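Enquirer: Need a 3D model of the following:
(one chain, ligands or ions: 5)
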Amino acid sequence: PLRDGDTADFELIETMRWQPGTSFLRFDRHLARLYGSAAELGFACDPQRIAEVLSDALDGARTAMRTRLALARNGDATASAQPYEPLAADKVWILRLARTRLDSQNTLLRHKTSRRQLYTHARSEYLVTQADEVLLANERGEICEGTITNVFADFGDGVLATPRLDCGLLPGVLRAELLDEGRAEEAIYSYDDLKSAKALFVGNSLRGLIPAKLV
Ligand SMILES: [Cl-]
Ligand SMILES: [Cl-]
Ligand SMILES: [Cl-]
Ligand SMILES: [Cl-]
Ligand SMILES: [Cl-]
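Expert: Residues are numbered from 1 along each chain as shown. Ligands and ions are numbered 1, 2, ... in the order given. Please see the structure below:
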């Protein structure tokens, strides 16, 4: 069902990091997105049920957990938790550009769903040893995002320039937090422009910012 969101109907998805004591990192941002999308897309969504599955999935958790929450249009929901494996602090992810392009007019790109054909295809273009993450651009050659991350580029001034939403990408939760804190700013740029970035990162709510290098 999660693996066949392209031929069949799709599900809404949220991937979060649960932490001892403080629970899900950026929890309210995740629920805001999930509840907002369910409302816009016509998904039955019972918050009491969402809280139930999350509470059961995290019952007895002793350390950080990667938690995947999924919602089907009929209101059916699942939550899965497994130990979070953080990246070493000195780890730098290698990025490559997929030939797979996104369509800026595809409105479904602003919802995190199981309809991941484009991203799965982009990811299949490169081996793990060739790219830790694969970036996708749109019909105007503007970088949008990674298959599972948003992009943040520092062209020298300390501001994390991240692709503007109208380029065709997921408004990520980490992305949103960085924008609201004044740390990131919307911008437009190509793969080639990134070569002039003094610092580069890709990130998501689960892992935070990940230093990256373009190839
Ligand atoms: Cl938050
Ligand atoms: Cl729909
Ligand atoms: Cl942690
Ligand atoms: Cl932060
Ligand atoms: Cl702009």
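Enquirer: Check the offset of the host helix or strand of residue 177 from the chain's centre.
Expert: Remark: residue 177 resides in helix 173-180, with elements defined by DSSP states H and E. Distance of helix 173-180 from the chain centroid (C-alpha atoms, centre = their mean, to the nearest Å) equals 11 Å.
Enquirer: any bit of it sitting next to ligand 1?
Expert: No: Helix 173-180 does not reach ligand 1 (C-beta under 5 Å from the ion); its nearest approach is 6.3 Å. From N, CA and C alone the C-beta is placed, and that goes for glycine too.
Enquirer: quick one: contacts of that helix?
Expert: For helix 173-180, contacts defined as C-beta atoms under 8 Å, 6 or more residues apart in numbering pick out 26, 29-30, 33, 150, 152, 160, 162, 184-186, 203-205, 208-209.
Enquirer: With stretch 40-59 instead?
Expert: Contacts with stretch 40-59, where a contact means C-beta under 8 Å, 6+ apart, come from 12, 18, 23-24, 31, 34-35, 37-39, 65, 67, 69, 71-75, 77-81, 111.
Enquirer: re earlier: ok, of the contacts of helix 173-180, which come out buried?
Expert: Among the contacts of helix 173-180, those classed as buried by 16 or more other C-beta atoms under 10 Å are 26, 29-30, 33, 150, 152, 160, 162, 184, 203-205, 209.
Enquirer: Could you measure from the residue nearest to residue 125 when sequence neighbours are not counted over to residue 62?
Expert: Distance criterion C-beta to C-beta, 6 or more residues apart in numbering; nearest residue to residue 125, sequence neighbours excluded, is residue 98 at 5.2 Å. Computed with C-beta to C-beta, to the nearest Å, the distance linking residue 98 and residue 62 is 38 Å.
Enquirer: These two: which has the busier surroundings?
Expert: Neighbour count, other C-beta atoms under 10 Å: between residue 98 and residue 62, residue 98 has more, with 21 against 7.
Enquirer: And that one, how far from ligand 1?
Expert: Separation of residue 98 from ligand 1 (C-beta to the ion, to the nearest Å) stands at 31 Å.
Enquirer: Surely that residue touches residue 130?
Expert: No: if you go by C-beta atoms under 8 Å, residue 98 and residue 130 don't touch, sitting 11.3 Å apart.
Enquirer: measure the residue of the chain most remote from its centre to ligand 1 for me?
Expert: Relative to the centre of the chain, the most outlying C-alpha is that of residue 60, 26.8 Å out, by C-alpha atoms, centre = their mean. To ligand 1, residue 60 is 25 Å away according to C-beta to the ion.
Enquirer: In contact with that residue: list those residues for me.
Expert: Under the criterion of C-beta under 8 Å, 6+ apart, the contact list for residue 60 is empty.
Enquirer: before we move on, what about the one 3 residues further on?
Expert: The neighbours of residue 63, taking C-beta under 8 Å, 6+ apart as the test, are 20, 83, 84.
Enquirer: quick one, phi psi at it?
Expert: Here the main-chain torsion angles of residue 63 (degrees, to the nearest 10) amount to phi -130, psi 170.
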